[PDB]
There are 2 protein chains.
Amino acid sequence: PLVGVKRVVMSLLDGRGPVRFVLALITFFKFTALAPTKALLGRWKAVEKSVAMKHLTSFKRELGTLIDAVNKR
Amino acid sequence: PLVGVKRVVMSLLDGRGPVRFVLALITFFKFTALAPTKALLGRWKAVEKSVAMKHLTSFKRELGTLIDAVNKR
């Protein structure tokens, strides 16, 4: 059976795991235009607006950092 | 056997698929602080700097729009 991150990601696609990880995997689907699973969308809709804002704005700062690192390769 | 997005994501964790999708899933690992697979890191190291800059800056604009939609719930 699956172990490590592959197990973690499979579980997220079945609706299980931390709220921050749900929100992150939703951003992946937004960037790719792929179809999220029903269980993941279920988790996403139930997240409190204030909780969603906090994690997503933190993702944007981290994406900025990543872009700076790439620019300096 | 796996079908739909689960098959797409499994293949990406084995290093297979479009460069935009590799870059997207790398951002998922950055946001979560989870460990990427060796096969995924291999694809990421091989991406041309200009190609990486283009997709990652487009992700940042899409994340902004997503934050806007959450603010307006």
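Residues numbered from 1 in each chain as written, not as in the entry; some residues may be left out. Chains lettered and ligands numbered in written order. Heavy atoms only, no water. Residues with missing side-chain atoms left out of burial classes, pairs and counts.

For this deposition, the record names X-ray crystallography as the technique by which the model was determined and cites 1.98 Å as its resolution.

## Re unusual backbone geometry
All names here are of chain A. Positioned with a positive phi, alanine 33 is a non-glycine residue whose angle comes to about 65°. Its location among the elements puts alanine 33 in the loop between α2 (19–32) and α3 (38–46). For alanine 33, a relative accessible area of 71% corresponds to the exposed category. (Helix = DSSP H or I, 4+ residues; strand = E, 2+ residues; numbered from the N terminus. Buried < 20%, exposed > 50% of the residue type's maximum accessible area, 1.4 Å probe, protein only.)

## Description of the interface of chain A and chain B
Taken together, the contact pairs 42 residues of chain A with 40 residues of chain B. If you list the elements that add at least two residues to the side of chain A that touches chain B, you get α1 (4–13), α2 and α4 (49–71) of chain A. A per-element tally of the side of chain A that touches chain B places α4(A) first, with 15 residues. Classifying every residue of the side of chain A that touches chain B by side-chain character gives 25 nonpolar, 7 polar and 10 charged. (Contact = heavy atoms within 4.5 Å. Nonpolar A, V, L, I, M, F, W, Y, C, P; charged D, E, K, R; others polar.)

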